[PDB]
Amino acid sequence: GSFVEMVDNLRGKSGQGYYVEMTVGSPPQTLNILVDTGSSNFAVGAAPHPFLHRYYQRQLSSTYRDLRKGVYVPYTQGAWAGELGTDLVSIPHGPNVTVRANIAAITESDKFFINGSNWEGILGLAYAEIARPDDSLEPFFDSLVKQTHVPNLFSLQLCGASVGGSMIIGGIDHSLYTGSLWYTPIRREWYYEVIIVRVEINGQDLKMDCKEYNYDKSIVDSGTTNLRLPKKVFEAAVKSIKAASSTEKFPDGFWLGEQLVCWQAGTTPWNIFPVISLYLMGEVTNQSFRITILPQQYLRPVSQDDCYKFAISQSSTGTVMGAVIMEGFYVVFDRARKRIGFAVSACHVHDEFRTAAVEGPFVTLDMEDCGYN
Ligand SMILES: Cc1ccc(Nc2cc(-c3ccccc3)ncn2)cc1NS(C)(=O)=O
């Protein structure tokens, strides 16, 4: 393949995201940078922190330009504060280009960096609408497309478990997937927003109004571990997942993520847990497709003891299709054509009985109604 050098350019630890090496400043300073399609800021640890091995030293970068403006990004677990500037940025195992991009130097943080994640910053790949302090701050990818010939497209292959995978920038590598790629529109360019039209557990329709699957939004977000489902959706999904796996009994707190369950090394009875399908709006009127994950995706390994957290959780900002979803698939963020493609990942974790799936087409009527206004 012509994109061979970008293949296997991601690393990570389970539950702690996937990062890419980015080279910042002059002379060069390389950092591990979290790939996050669920935000739009490029920020790097820029002062010492207990959880950082390395950080950005702007004083040592001859090409740093200070924008003279603070920046603050909250999350639900905590936040970070910092200072805006521009500098030279390239990706050794990404496109063969260098751009002047906005960079937020993080000077203080609260529950941002993860002890042992090996990343030292974040690359927000969503759109300028959600960027901080405001949409006037051009995101990394907007700069890249603006300043260079790189096609307005990236693709992600996230290889679950100590993890890895590929971010192909400017195109698609056919060795990363199998079967056809199926596309869903990007409803609006802010988050990577999409429309889920049906949910099945082991083939069984969850029978909820599709409006509920997308209240108040559904997004594809590589910086979130879990499949997050709106309260009402989550409850109905838990109940149906319980009903499908009833040959085994699990404590109430397992389904809530508060309790872990461990099996003896090599014995996890994957086959007693259901497959999960999400149908996505297709590109033609009344046409949909489904993506199907295995419990190998939604049960996350956390001794000769294999422990697992149930990684479908509750949300009150809509559906977040996190690493749990992405890890079954090769995901194409076709920004040029305002759409997202899914194909079966060449690296996804399965067994001899079941494999993750991308299937279509299906007939689904009145899909334009599912989205929140
Ligand atoms: C987008 C994103 C933003 C922030 C973080 N960071 C954290 C930090 C902590 C933490 C908690 C207590 C003490 C120290 C740190 N817990 C969860 N996420 C991870 C991701 N993304 S991710 C989950 O793919 O690594």
Side-chain angles (χ1 to χ4, degrees), residues 9-22 31-53 55 71-82 103-127 130-132 139-141 154 156-167 190-192 217 219-228 257-258 260 297-302 308-315 317-329 331 333:
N9 65 1
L10 308 175
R11 299 272 93 106
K13 287 284 167 150
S14 218
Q16 308 198 330
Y18 292 81
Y19 59 76
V20 66
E21 291 194 295
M22 306 186 68
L31 305 157
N32 297 325
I33 301 303
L34 175 63
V35 180
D36 183 16
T37 66
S39 85
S40 307
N41 274 95
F42 176 51
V44 303
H49 183 283
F51 299 160
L52 290 183
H53 295 296
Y55 57 86
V71 63
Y72 180 98
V73 182
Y75 310 78
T76 277
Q77 268 88 65
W80 65 254
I103 179 161
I106 300 172
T107 53
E108 307 288 358
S109 62
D110 168 49
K111 292 184 189 200
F112 183 56
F113 298 116
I114 303 184
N115 185 225
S117 65
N118 207 25
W119 57 261
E120 296 131 356
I122 183 161
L123 162 65
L125 283 174
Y127 298 94
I130 61 163
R132 304 275 190 203
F140 178 74
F141 211 91
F154 59 104
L156 287 182
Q157 201 208 40
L158 305 188
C159 307
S162 180
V163 302
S166 305
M167 183 173 57
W190 56 322
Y191 294 102
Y192 287 104
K217 78 190 167 276
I219 71 171
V220 188
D221 176 3
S222 68
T224 300
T225 296
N226 285 8
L227 166 54
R228 310 181 63 218
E258 296 157 3
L260 309 193
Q297 275 72 71
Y298 70 83
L299 307 182
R300 190 181 65 76
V302 156
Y308 299 96
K309 173 165 176 138
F310 175 73
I312 297 177
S313 70
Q314 209 190 112
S315 188
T317 34
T319 303
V320 185
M321 296 169 66
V324 160
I325 292 292
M326 292 183 63
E327 276 182 5
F329 311 108
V331 191
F333 294 80

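Atoms within a ligand are numbered from 1 in the order they appear, just like the ligands themselves. Hydrogens, waters and symmetry mates are skipped; everything else that's a heavy atom, side chains included, is used. Throughout, numbering of the chain's residues begins at 1 and tracks the sequence.
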Can you tell me the protein heavy atom closest to atom 13 (C) of ligand 1 and the distance? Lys111 CG, 3.9 Å
With heavy atoms of [X] as the reference, note each atom of ligand 1 found under 4.0 Å away.
X      : answer
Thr225 : 23 (C)
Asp36  : 1 (C)
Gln16  : 22 (S), 24 (O), 25 (O)
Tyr75  : 3 (C)
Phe113 : 14 (C), 15 (C)
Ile122 : 1 (C)
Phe112 : 3 (C), 4 (C), 5 (C), 6 (N), 7 (C), 8 (C)
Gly17  : 22 (S), 24 (O), 25 (O)

Ligand 1 contact on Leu34 by region, counting heavy-atom pairs under 4.0 Å: side chain
Between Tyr191 and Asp221, is any side-chain donor less than 3.5 angstrom from a side-chain acceptor? no
Is there a heavy atom of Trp119 sitting under 4.0 angstrom from any atom of ligand 1? yes
Does the side chain of [Y] come within less than 4.5 Å of [X]'s, by heavy atoms?
X      : Y      : result
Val44  : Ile33  : yes
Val163 : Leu158 : no
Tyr192 : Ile219 : no
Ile325 : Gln297 : no
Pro139 : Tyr127 : no
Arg11  : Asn32  : no
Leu125 : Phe333 : no
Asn41  : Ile130 : no

Quick check: does [X] get an N/O under 3.5 Å from an N/O on ligand 1?
X      : answer
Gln77  : no
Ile114 : no
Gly223 : yes

